[PDB]
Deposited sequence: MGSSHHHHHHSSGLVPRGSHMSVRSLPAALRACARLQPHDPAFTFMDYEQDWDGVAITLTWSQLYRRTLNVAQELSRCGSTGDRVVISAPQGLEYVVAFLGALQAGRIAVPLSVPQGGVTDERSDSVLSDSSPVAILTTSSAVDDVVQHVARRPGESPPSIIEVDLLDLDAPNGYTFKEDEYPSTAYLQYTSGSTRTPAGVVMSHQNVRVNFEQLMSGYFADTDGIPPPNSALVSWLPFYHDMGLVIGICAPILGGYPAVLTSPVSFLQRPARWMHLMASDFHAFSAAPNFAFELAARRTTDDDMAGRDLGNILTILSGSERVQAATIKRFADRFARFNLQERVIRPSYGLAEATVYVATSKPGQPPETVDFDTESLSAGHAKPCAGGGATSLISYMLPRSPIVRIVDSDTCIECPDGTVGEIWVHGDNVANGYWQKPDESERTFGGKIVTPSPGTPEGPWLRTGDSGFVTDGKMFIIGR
């Protein structure tokens, strides 16, 4: 049910198996591997919870503002364990409006970023790395995800989107043995947090993490982490594939094999089949199977995942007449635009809706993408107006099998033909 319960369980069944490994390239250029077993991770989160239990009361908000790393991980988890509403942010190096919007009772940080945090703040400041982390009811809301508006994320939303997210990676729903999550995505973003911290905990599998800055410094690192003993699965924005393909030289791959990769989800935004294909091509040389790269669609309002392309094969593309499409109708060519074929998910439910009338669009007609599912946030933190406009969509004269609402109005344009979903943007 709960994330801290999921962790509490992992420490029970596989106490001494590696859980999280953070690759630190800050000092060593080849990177130092910092690891915590499930029971070691669970102990630190409890010690963090103890400290937090001395600040405010249940339901209060605790901001996490520290660099990417294991301190960040235990801070987030510790906040949940204490029954506090976590607020994952980055280290402020003028979004000073978030601290004012959530009224946190505490800020969890580290010695490395403390001075930078105070230059932007009275909530209690706790430096997690200075606590004795290894020393031997609750709100439905787990945390706020700031896009700015703060998305209210409940434990249920996370649970559910995780189950859905697992049909995206392995439609067979669990990861085969010896598999591991690899990620450099910032923890303060929806997919870096859900895919990098929550999923491995709820799934009971190991995660190998690093920082976005280390990735920028030497993109090849992302490839290196995916070329090892375990079968890796990762995720990244569309731009990372281009960057990784161009800045990883053939020498960087010396002795590396990519044939063990499971799946690489391609960003929930601005995905291009061109960028993907070009990534597969440059790395085919090192045994990278093009079918492991799969496009995913989503937004924070729906936790993170909404749908992907057919598994077990590369992403199918379909050409549509550009002019007709711009006029609102998907027709076969003869100007041509190529769009990825996303599979209409069973959960959550998706519908193409005319944004002016709130009436469904027939297949082939362009409209706004509406989403219905337990993974949809109930709203924005203390923003009744925005919440209503965004999450209170109601379909008019719904067709059989279609719920009347509530619906999440994504703000994206798309259409459906042959049971397939296509996103325009």
property	result
Missing segments of the deposited chain sequence, listed N- to C-terminal	1-23, 117-122, 151-157, 173-180, 192-197, 223-224, 387-388, 480
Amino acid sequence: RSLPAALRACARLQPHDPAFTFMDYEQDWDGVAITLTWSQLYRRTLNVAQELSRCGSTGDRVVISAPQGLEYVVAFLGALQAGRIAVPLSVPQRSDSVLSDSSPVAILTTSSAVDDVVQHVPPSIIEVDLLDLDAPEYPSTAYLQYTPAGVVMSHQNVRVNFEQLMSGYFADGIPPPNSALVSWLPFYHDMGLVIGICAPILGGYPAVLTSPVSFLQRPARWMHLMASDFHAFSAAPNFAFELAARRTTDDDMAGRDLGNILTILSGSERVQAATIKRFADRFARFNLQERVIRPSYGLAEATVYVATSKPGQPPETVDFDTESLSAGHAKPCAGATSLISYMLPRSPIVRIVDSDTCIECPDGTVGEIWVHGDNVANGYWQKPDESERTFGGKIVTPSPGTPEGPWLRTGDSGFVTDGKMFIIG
From here on, numbers count along this sequence of modelled residues.
| property | result |
| --- | --- |
| Which of 6-14 and 411-419 has higher mean CA B factor, as the PDB entry lists it | 6-14 |
| Of 99-107 and 182-190, the stretch whose C-alpha atoms average the higher B-factor in the entry | 99-107 |
| Criterion, highest CA B-factor; candidates, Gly83, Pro200, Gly335, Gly298 | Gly335 |
| Given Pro219, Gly196, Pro176, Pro237, the residue at which the Cα B factor reaches its maximum | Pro176 |
| CA B-factor placement of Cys361, once the chain's modelled residues are sorted into thirds | lowest |
| Among modelled residues of the same chain, the CA temperature factor third for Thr45 | middle |
| For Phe162, the third of its chain into which the C-alpha B factor falls | lowest |
| Record-listed C-alpha B factor of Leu52: chain third | middle |
| Chain thirds of CA B-factor: placement of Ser39 | lowest |
